[PDB]
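What follows is a short report on a single structure.
Just so you know, residue 1 is the first one in the sequence shown, and it goes up from there.
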Amino acid sequence: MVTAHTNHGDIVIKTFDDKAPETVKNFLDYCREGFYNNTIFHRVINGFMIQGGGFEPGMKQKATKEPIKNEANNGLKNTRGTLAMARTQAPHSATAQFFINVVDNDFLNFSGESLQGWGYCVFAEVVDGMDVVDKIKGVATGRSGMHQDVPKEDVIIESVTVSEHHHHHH
């Protein structure tokens, strides 16, 4: 279980270890190293998704490790409350940036291995704190650097904690 502790409250997340094993391992290594600590939701689009995991306040892009394989062909869908990996044009280019779907975004789902078919790999889902996600998705945005849709007031991920203990999210 992973918890993103934001300045607006906690987002509790369950990982799909069996269906996105290398994607989950990559994410939880970033979490454990403190990489998402003092980072922001830098791209917030109401009725679509909220995206973070790459930038400190003031839009300083954090250095990342080498990218991972795209595990999007795993049967998992970009439904409301899922987490998926952000990437650039090449399929195997995801590093640390991720996003929370705030509606079903079927057009993000794998449909094939052409550049245009690959889609975005789902690897986890919010199990508590969708109220916190719905607060974030509605905030005022503007341009910062080359980035569109950056909240005017920083939405800060203060820390992320990982637990492997028994839990009641069944």
Side-chain angles (χ1 to χ4, degrees), residues 2-11 13 20 22-72 78 80-110 115-124 126 129-162:
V2 182
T3 309
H5 308 282
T6 85
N7 56 338
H8 293 251
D10 285 349
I11 306 173
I13 292 152
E22 297 189 346
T23 303
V24 169
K25 182 179 122 55
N26 182 71
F27 179 65
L28 295 170
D29 290 342
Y30 285 122
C31 296
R32 294 252 182 213
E33 83 182 51
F35 175 92
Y36 302 120
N37 293 8
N38 327 116
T39 66
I40 64 175
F41 284 102
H42 70 282
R43 185 195 182 203
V44 165
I45 303 177
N46 209 348
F48 177 37
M49 59 82 229
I50 72 172
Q51 169 174 355
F55 292 87
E56 297 168 342
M59 281 306 285
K60 196 249 185 279
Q61 189 169 331
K62 296 192 60 161
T64 58
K65 298 205 190 330
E66 290 186 273
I68 61 163
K69 286 287 169 150
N70 198 329
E71 283 177 325
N78 279 276
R80 170 169 157 86
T82 59
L83 281 68
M85 297 295 303
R87 62 169 180 87
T88 55
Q89 182 173 252
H92 309 304
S93 63
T95 57
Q97 299 188 33
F98 62 91
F99 61 88
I100 302 175
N101 289 297
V102 301
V103 300
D104 303 349
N105 290 312
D106 299 357
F107 46 94
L108 293 189
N109 287 342
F110 177 88
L115 291 183
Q116 274 149 49
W118 254 111
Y120 303 84
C121 177
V122 175
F123 70 92
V126 179
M130 284 301 293
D131 66 317
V132 175
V133 171
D134 292 345
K135 184 184 185 194
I136 292 166
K137 68 187 187 54
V139 303
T141 66
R143 171 179 185 189
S144 193
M146 57 153 67
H147 301 277
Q148 328 297 328
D149 303 288
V150 179
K152 294 187 184 203
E153 283 193 40
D154 289 337
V155 183
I156 295 162
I157 303 91
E158 189 76 59
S159 67
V160 175
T161 63
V162 182

Could you tabulate the donor-acceptor pairs under 3.5 Å formed by side-chain atoms of residues 41-56, not counting sequence neighbours?
{"unit_1": "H42", "atom_1": "NE2", "unit_2": "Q97", "atom_2": "OE1", "d": "3.4"}
{"unit_1": "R43", "atom_1": "NH1", "unit_2": "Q51", "atom_2": "OE1", "d": "3.0"}
{"unit_1": "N46", "atom_1": "OD1", "unit_2": "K137", "atom_2": "NZ", "d": "2.9"}
{"unit_1": "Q51", "atom_1": "NE2", "unit_2": "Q97", "atom_2": "OE1", "d": "2.9"}

Practice problem: Would you please name every residue forming a salt bridge (charged side-chain N to carboxylate O under 4.0 Å, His left out) with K135, sequence neighbours left out? | Solution: none
Quiz prompt | Contacts of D29 that satisfy salt bridge (charged side-chain N to carboxylate O under 4.0 Å, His left out) - sequence neighbours left out | solution = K25
Quiz prompt | Results of side-chain contact (heavy atoms from CB on, under 4.5 Å) for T39 - residues two or more places apart only | solution = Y36, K62, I157
Quiz item: With sequence neighbours left out, what residues match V103 under side-chain contact (heavy atoms from CB on, under 4.5 Å)?
Solution: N105
Quiz item: Residues two or more places apart in sequence or in another chain: which of them pass side chain to side chain donor-acceptor pair (under 3.5 Å) with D134?
Solution: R80
Quiz item: Residues two or more places apart in sequence or in another chain: which of them pass side-chain contact (heavy atoms from CB on, under 4.5 Å) with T64?
Solution: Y30, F35, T95, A96
Exercise. Please name all residues satisfying side chain to side chain donor-acceptor pair (under 3.5 Å) with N109, sequence neighbours left out, ordered by chain then number.
Key: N78
Quiz item: With sequence neighbours left out, what residues match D131 under salt bridge (charged side-chain N to carboxylate O under 4.0 Å, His left out)?
Solution: none
Practice problem: Only counting residues at least two apart or in another chain, list the ones meeting salt bridge (charged side-chain N to carboxylate O under 4.0 Å, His left out) with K65. | Solution: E33
Quiz item: Partners of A124 by side-chain contact (heavy atoms from CB on, under 4.5 Å), sequence neighbours excluded?
Solution: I13, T15, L83
Quiz item: ring pair (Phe, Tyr, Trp, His ring centres under 6.0 Å) with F110: which residues, sequence neighbours excluded?
Solution: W118
